[PDB]
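What follows is a set of notes on a single structure, which appears directly below.
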């Protein structure tokens, strides 16, 4: 098309052996490209959607094929290898004088050696998205694709010492790829885990051990939805219960299973919730409940069908009631609130890129707009999608599509934000296209809600 | 006239050799006179305007004469003598049994030995105000008066080690005559400096060396105006620039010339600014930008013609938007916001007179109403002038014209505030007289703005 | 000589048109040279000393000549011009394809545009030192060198508003060249000022205007010495007096002239002082007394003859008693104590280079060894000189002569310290040569004391 956004997206494309295989993170002129000249798997997802909806589906097919190939690459740090299923954080095309080849990062080159746990889950979801948008059922069912999914599921469904059906991760294992107190069981990983499992339920063949994987996938989905809906869910009713929990309860039939001390609960949470509002908490673990609202996990939980229809409503009500906090001058705030003062020091380790209301620490991210629009249509709240898109559209082009925005409400352009960030551009585009045709939402969302009050099914 | 204020103003007058030479700072019966029995040069400025607009020009003339003589006095502290162009802070009439004589304080008697830098600049502006109100051009031209102006310009245009066109001062060198972190290059000094130059530009005779002075003045004005307007000016656009600045930039052609670190931008300012608001920062120095709003300098910027017409508008826009912060229960707040807790300790040296939201540290000062009125009229916003005067007339008389008011909104009478403070009284009168005849503003302001987009002219 | 240090110093030499004119600040292989490839005037002083004591004096003669040429350079920022006497911070040799020329920085390129006020003062002291070292009395007495001295004196003795005979400067005006709360009247500037006046008194020719300067100089010196010694001097007796000062005292005949509130005296200083110890305060200003111990200013005050025989002993007594703090693992701690927590934030503007116990904020500086050794010799405390060198010798070569050390006791190598820092190397060399031959101290010191118990003489 003729729009500026379309053109930038066009010039972001990375070509391999004459074929388009992905998009760069950003096209910032002044700043050295550094790591951002690479194609990040998570960053590509919204790029892919734009292409899938525009009809040109080769680039997405190529990407899916090369990333599956990259899974096979030898990946080692100090003679230690991770599970074979691991997908990379990013990749770029490098060439010696003669020929071209793909160089990836699986965390071994990454800053703080963060592991891209979310990438393999996005890869599975992006595969489904390709399948539903195009109708091509052959690709996912090719042997190499079936094998790779099972490798991913082998990792995801690996055994634990723990009684939690959730996935244990170190800090910075997802979109937040720096130290932000999102270690242990962050919502985002658990929601993408659930969704990637729901995806696998569709894409997998019962042939061979296929029969066995679907049985594991199925059992884990039941436990995961139950665990997440029962223990992560926050609203006034639930908040009143927790507040009155007694400490140091021992046994099976007890209320305060995770030994959350009520005095630990922050003061801001009680005021913040509207009567009808609610959300899924950012984390849960031994003696820990992270009450910070995380946007992606909560929005995606609606789309994945993990949130009940009412829970989905109560999330959007909170968005309506705390519009200046969650959207403000630029949708969407990555999480709320920011860690401030000494809490910033301890939890981030004095990370100067995640100072309060900046970047991961409560910054405002354009890319999340597509999650937000998709979740709003699905909940029958288009007015909110219109307002969000209007707000973003009013600034991005003028501000050259910054990577992120800072401050309580997003007034500031991100402190170290790259300009011409691809998923900021693609974010707007994807949101407008969902707005134009709300049936496109179907490839990233699930028609039914696959949940229950029981731990099984 | 029969108004209560006129009578108090008239009883405030100081007589010398049977002649009216000035007005006392305050007439507090209960409090010890201390130094408030003296006549301060800056406190007299608003008193003078009352008289000028009424036609009683003798007292102003006499003041201007006696102060010019006072300049030529021998002032010394520990065998050190300052520039001979130094005007005193205050003077009183002392008499031995036999005869009357004039004793002055140039800072050698002052608390903390603070230098009255603003005083010599006020005298000039007052001198110009005498002309424009009266039409008498003989007093400015006199040999002594032209010499005194020159002596002042010798000081202000003294050579520096610094590359800043601004004036360097110690702490507490103007209306704020105490340690308030207004050391170095404070807005008030720079604005009064700029304004005194424009006045001198008109009052100077080209005869003799006058031409040499005229060109220096003309040169400095162009450099100064460029410096203030480009580096002190704050609005949202500018704030987004600074927040994204890079540290430790080196060389002639760089963005962050003064090495401001964005993490040091206080939290309050970004929410505080309205979309169309703006103001001049309180100070600028090496690695330092004081984002506190200072009223006098900002309002006097409008009057002096330093602020452009649009910039003037953005200052007045701020007042409407932050009316409760900047006016509240008593116009006008001297600066916003207050230094609090540990910041108050460090910056003021635990000064108990300046505790948070008191006195210089965010107090509300009745006198500043005349600045505010003059600028409101000049900017074509009479309604704001009206409301400010009403708020003041609502309390002043009943409160017995306190020197200042305290609190976030000036709800309290100043902790150690004098009652029957003369420039609170004169401040209200001048404002009302301005309101009756807006043309009177012209003798404290400049109709034209002497500025451009470069350092020359 | 054949020592490792002598060769590192040789490599550092900068050649202009086939002549040695100065030395680079550091020779770090890994770091980009940046501003350090230039020759800083202050950094060269110890380098110059090594060459004076070696016998090769032409580099120093050349340096004095080329820097005097620089003084004549046209220097401006935004159409504004400082005094002609301003000496630059640093200079470097630059070439076209075929021509060599000198490019200096007078502050217009400097980080935070800080003014090298100390540079012009060092220039004078060095010239005297050169003269005393060689015997060449033609150089200083040349008509260009008499003019340049006069231009510096013109700036330094410029007229003030203040009643303080000290020199008023912005923050970062000396060796500490960043925002560190050393604005106003920092000890170092006043001590270097005193020292530079004494040098001019020796250097200046009486014929022509020379006599006029000598009289201004003489009178200033008398005032300055009285001012510093009476108001900056800290000991237990003085502290007890100030602690009992009354606030807000007004007039000429008062104890608390500067309005120091006792509650603002830090807790650390009372315990820190030994009974017979004493030192000069870091700063004096309205309502302000900086009690931080500053090393250079205090050590140099001994050499310059500003400090009395007893004051000098008490200063060295303090060093002896607080050896762990002031010397620790690397002489000498640049100032004590470090600003911490919120005080670091406010005072430095969150400057990440001057975090607590790092760099200017209480770092340990090897270059100060030459000051300390020279002073310990002069005071008859050679044992202290031996010990300081011993400690320094123990690590400098192994650590590759870092720029500075960090920590409470300098245990850490400076966070962003350059290796092969020229004046760290020269620092150790100068100290050793002084030890080997103490009579050399005479060229950077004054044999006589020029201090009076009265303001005059």
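Residue numbers (the authors' numbering), protein chains in the order written: chain B, 12 to 468; chain F, 12 to 468; chain E, 12 to 468.
Think of the CB as a built atom: it goes at the ideal place given N, C-alpha and C, for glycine as much as any other residue.
Any chain B beta carbon closer than 8 Å to residue i
i              : result
residue 209(F) : no
residue 281(F) : yes
residue 247(F) : yes
residue 251(F) : yes
Distance between beta carbons of residue j and residue i, contact taken as under 8 Å
i              : j              : result
residue 48(F)  : residue 125(F) : Their Cβ separation, rounded to whole angstroms, is 19 Å, which puts residue 48(F) and residue 125(F) out of contact at 8 Å.
residue 471(E) : residue 50(E)  : Only positions 12 to 468 of chain E appear in this structure, which leaves residue 471(E) out of reach.
residue 368(F) : residue 349(F) : 5 Å
residue 209(F) : residue 312(F) : With a Cβ gap of about 12 Å, residue 209(F) and residue 312(F) do not count as contacting.
residue 296(E) : residue 171(F) : With a Cβ gap of about 18 Å, residue 296(E) and residue 171(F) do not count as contacting.
residue 329(F) : residue 288(F) : 4 Å
residue 382(F) : residue 400(F) : About 13 Å separates the two Cβ atoms, so there is no contact after all.
residue 128(B) : residue 185(B) : 6 Å
residue 134(E) : residue 78(E)  : 6 Å
residue 434(B) : residue 57(B)  : 5 Å
Partners in chain F for residue i, counting only beta-carbon separations shorter than 7 Å
i              : result
residue 344(B) : Under the 7 Å cutoff, chain F gives no residues; its nearest Cβ is about 15 Å from residue 344(B).
residue 366(B) : 274
residue 179(E) : 179 and 181
residue 234(E) : 89, 90 and 91
Closer than 8 Å to chain F by CB, residue i
i              : result
residue 161(B) : no
residue 45(E)  : yes
residue 353(E) : yes
residue 185(E) : no
residue 299(E) : yes
residue 104(E) : no
Min CB distance residue i to chain E below 8 Å
i              : result
residue 69(F)  : no
residue 189(F) : yes
residue 195(F) : yes
residue 383(F) : no
residue 467(F) : yes
residue 114(F) : no
Within chain E, the residues that residue i reaches when beta carbons sit closer than 9 Å
i              : result
residue 228(F) : What residue 228(F) touches in chain E: nothing, since even the nearest Cβ is about 14 Å away.
Cross-chain neighbours of residue i in chain F, by beta carbon under 9 Å
i              : result
residue 176(E) : 88, 89, 90 and 91
Closer than 8 Å at the beta carbon, the chain B residues around residue i
i              : result
residue 254(F) : 417, 423, 424 and 426
Per-residue contacts from residue i into chain F (C-beta, under 8 Å)
i              : result
residue 122(E) : 259, 260, 261 and 270
residue 237(E) : 89 and 90
residue 50(E)  : Result: empty, since nearest Cβ-Cβ is about 16 Å, beyond 8 Å.
residue 128(E) : 172
Determine, using beta-carbon pairs with one atom in the segment 419 to 429 of chain E and one in the segment 367 to 376 of chain E, whether at least three such pairs fall under 8 Å. yes
With a cut-off of 8 Å, do at least 3 Cβ pairs link the segment 58 to 75 of chain F to the segment 105 to 116 of chain F? no
Short of 9 Å Cβ to Cβ, which residues in the segment 417 to 431 of chain B face chain F? 417, 418, 419, 420, 422, 423, 424, 425, 426, 427 and 428
If you measure beta-carbon to beta-carbon, which residues of the segment 317 to 338 of chain F are closer than 9 Å to chain E? none
Specify whether the segment 439 to 459 of chain B and the segment 146 to 156 of chain B touch according to this definition: at least 3 beta carbon pairs, one from each stretch, less than 8 Å apart. no
Count the CB pairs spanning the segment 344 to 364 of chain B and the segment 403 to 410 of chain B that are closer than 8 Å, and state whether there are at least three. no
Do three or more CB pairs link the segment 205 to 222 of chain B to the segment 155 to 166 of chain B at distances below 8 Å? yes
Mind checking the segment 149 to 173 of chain F against chain E and listing, in chain order, the residues whose C-beta falls within less than 8 Å of any C-beta there? 165, 166, 169, 170, 171, 172 and 173
Using 8 Å as the Cβ pair cut-off and three pairs as the minimum, do the segment 196 to 206 of chain F and the segment 175 to 182 of chain F touch? yes
Would you check if there are 3 or more beta carbon pairs closer than 8 Å linking the segment 300 to 311 of chain B to the segment 266 to 284 of chain B? yes
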